[PDB]
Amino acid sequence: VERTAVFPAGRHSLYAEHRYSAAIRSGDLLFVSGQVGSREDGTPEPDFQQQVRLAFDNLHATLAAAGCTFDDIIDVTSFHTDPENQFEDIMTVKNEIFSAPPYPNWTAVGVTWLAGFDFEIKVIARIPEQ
């Protein structure tokens, strides 16, 4: 009755292949699936920093589909396959995207697997119901 799926514009088949929605808009909240730096075919961008950038691009595209932007993000959780050797690269990209306060909150955790990817960002955004 409210379960409305949101998908990035264009063609991205991982959502079709694995059968899950890119995001779910429910009332005044948008719950986004973890985003990864994947190409149109579902494979990861080889270079790490590039994968992180692409992940953010895919995130933005998914947010756009709901009329959202990074400014509407109210909760952030990131997963890392090897956070130790990846944080400098991640911060470079994060400080480029989140340039000025109020900064988003954040929970970064080290995981053992991300379906072939090395970075993933799970986000929740507010969607005012007007």
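One rule holds for the numbers: they count along the sequence shown, beginning at 1.
Of the two segments, 71-79 and 92-100, the one listed with the higher mean B-factor is 92-100 (C-alpha atoms only).
Looking at mean Cα B-factors across 108-116 and 6-14, the upper value is held by 6-14. Per the PDB record, residue ranking by Cα B-factor puts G27 in the middle third of the chain. Annotation for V123: CA B-factor lies in the lowest third of the chain's modelled residues. Residue-level temperature factors show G34 in the lowest third of its chain, judged at the C-alpha atom. Placement of the Cα temperature factor of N58 within the chain: lowest third of the modelled residues, per the deposited record.
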